[PDB]
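Participant: Once you've had a glance at the structure underneath, I'll fire off some questions.
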Amino acid sequence: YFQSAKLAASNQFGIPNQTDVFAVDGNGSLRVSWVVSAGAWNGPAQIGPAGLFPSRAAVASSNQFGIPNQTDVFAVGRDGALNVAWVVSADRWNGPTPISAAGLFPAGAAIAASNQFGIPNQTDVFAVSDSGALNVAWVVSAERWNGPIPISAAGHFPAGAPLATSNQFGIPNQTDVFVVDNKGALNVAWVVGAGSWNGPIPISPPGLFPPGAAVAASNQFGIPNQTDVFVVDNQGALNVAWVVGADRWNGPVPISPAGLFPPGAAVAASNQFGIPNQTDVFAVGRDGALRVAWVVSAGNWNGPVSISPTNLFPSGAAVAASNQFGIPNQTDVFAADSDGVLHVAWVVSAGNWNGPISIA
């Protein structure tokens, strides 16, 4: 029921011009759709057995850091174990295989994955366990997986809550994780180098965001030391909170009027490729229309502006965004309709938005 990221978009690392979009279908199998350069979309092709996941389980994806040609895809099975599936260059898929014990996470739990910044061959995978603790599992190069281990106290976050991860831009060796706590405050936890985890601490007031709220994070492109975090508040306003350097947090502050989005609506953020200093954030309004808001350097925010018809997507539906690999100046934003059918809208540099169109 949380508006977790049910779609994940990634380069298929090793195939520079390939873009993959991962989803779980109604049969509970993991699936991938893919395109090369400006060619035709393929799929959705099944990855592994049927019925391993709850339908519309959340997914995440990442390079396996240190293995340039490997893409990993994460999802929690029906049994509560975190799984990874992976592919090397253009070979056939491996897994999904479990990387936790069963019963640790809620089925289909939200997941987020990142490099542990400062450790160039380490991949971290985050999710909140059944006990309400933030957990991390991690792998170094081609070694075996470690964890998951708890990095917050139990009972801190809603089990399986949506979360996001980012470098704290400006601090080369810092990795942040963002999640809304049980009281409705946005929190951050962070780690510096191979060190120990700090936080989580609140970075908003309590009562502002619904527990389970979707979160996204990005550099504010063009500001090399700023990290932005996006969440929709209980009033239906899209907010941004942001941190510069090792200074204190700012916000959250609304960047839309109230009422536009369901509280906790799914959010995604990206560079607008071809515009080095622009950051875009996406969500779907209560009216079922996909929206974008954007900022250039240290400018004021623009939008939101509607980029699709009303009633196209479920209110607050999952969104993902990516470069269309091989088209350096193209940004794609993905969402699924009421029947699960993937759609894409896209823009080239400072051009007009196109679509959405339905795709394979």
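Order determines the names: the first chain of the structure tokens is A, the second B, and so forth; residues in each chain are numbered 1 upward, and ligands are numbered 1 upward as they are shown.
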Could you name the residues that touch residue 109 (chain A) at 12 Å or less, counting only C-alpha atoms, but leaving out those on the same chain fewer than 6 positions away, as an NGL selection string?
Facilitator: :A and (1-6 or 53-60 or 74-83 or 103 or 126-130 or 132 or 134-135 or 158-163 or 212)
Participant: Show which residues sit within 12 Å of region 33-42 of chain A, as number ranges by chain. Count only C-alpha atoms, and ignore same-chain residues fewer than 2 positions away.
Facilitator: A: 7-12, 15-25, 30-31, 44-47, 90, 323-330, 332, 334, 341-344, 346, 348, 357-360
Participant: Using the chain letters and numbers from this document, which residues of region 94-227 of chain A does DSSP assign to strand (DSSP E), as a PyMOL selection string?
Facilitator: chain A and resi 94-98+112-115+122-128+134-140+146-150+163-167+174-180+186-192+198-202+216-219+226-227
Participant: Need to verify the contact set: region 138-140 of chain A, 9 Å, only C-alpha atoms, exclusion of same-chain residues closer than 2 positions in sequence. Can you return it as a list in words?
Facilitator: residues 64, 65, 66, 116, 119, 120, 121, 122, 123, 124, 125, 126, 136, 142, 143, 144, 145, 146, 147 and 148 of chain A
Participant: Out of A:331, A:250, A:297, A:338, which residue has the shortest atom-to-atom distance to residue 314 (chain A) when counting only C-alpha atoms?
Facilitator: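 Nearest to residue 314 (chain A): A:338.
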Participant: So how many Å separate CA of residue 99 (chain A) and CA of residue 85 (chain A), to one decimal?
Facilitator: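 Here the two named atoms are 10.2 Å from each other.
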Participant: What does the structure give for the distance between CA of residue 316 (chain A) and CA of residue 304 (chain A), in Å to one decimal?
Facilitator: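 Separation between CA of residue 316 (chain A) and CA of residue 304 (chain A): 14.2 Å.
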Participant: Could you check the closest approach to residue 242 (chain A) for each of A:110, A:261, A:169, A:277 and tell me which residue wins, using only C-alpha atoms?
Facilitator: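 Among the listed residues, A:169 lies closest to residue 242 (chain A).
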Participant: Pick the closest to residue 62 (chain A) from A:199, A:86, A:287, A:43: which is it, counting only C-alpha atoms?
Facilitator: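 Smallest distance to residue 62 (chain A) is found for A:86.
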